[PDB]
């Protein structure tokens, strides 16, 4: 059980599905009954009960493969907390637009943009694909 800091130079226990038989037993110190269980293990294992067999496993190993490989719900915490802080970021952007940014130039007014759009169509801005190509000069409208 209890692993210590000054133990780092000694062989240790791990639960790894690619390292099924670790270097040491999970439990090194045996009680009186655990000592007798290990003695019984030297005889036919058919004479061992289910509980005794489970107990032998839990002395050698900490977690089973099913336990060590189990899935968790951590992704809900990770994805949800990430969306909170991304949401909190929008609060910073709202504060910046309100207290830091002044008005944008007058060229973004609706009437400027409408006249600017015609002049761009008058000079045939991007007439092959990008812009004027999407205006119908015969019907005087945006192509459908």
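Positions refer to the first chain, counted from 1.
- As recorded in the PDB entry, 130 to 138 is the stretch of 20 to 28 and 130 to 138 with the greater mean C-alpha temperature factor.
- Between 113 to 121 and 85 to 93, it is 113 to 121 that carries the larger average Cα temperature factor according to the deposited entry.
- Per the deposited record, 46 carries the highest C-alpha B-factor of all listed residues (107, 46, 34, 64).
- Per the deposited record, the Cα B-factor of residue 52 falls in the middle third when ranked against the other modelled residues of its chain.
- In the deposited entry, the Cα temperature factor of residue 42 places it in the highest third of its chain's modelled residues.
- When the CA B factors of the chain's modelled residues are split into thirds, the value for residue 70 lands in the highest one.
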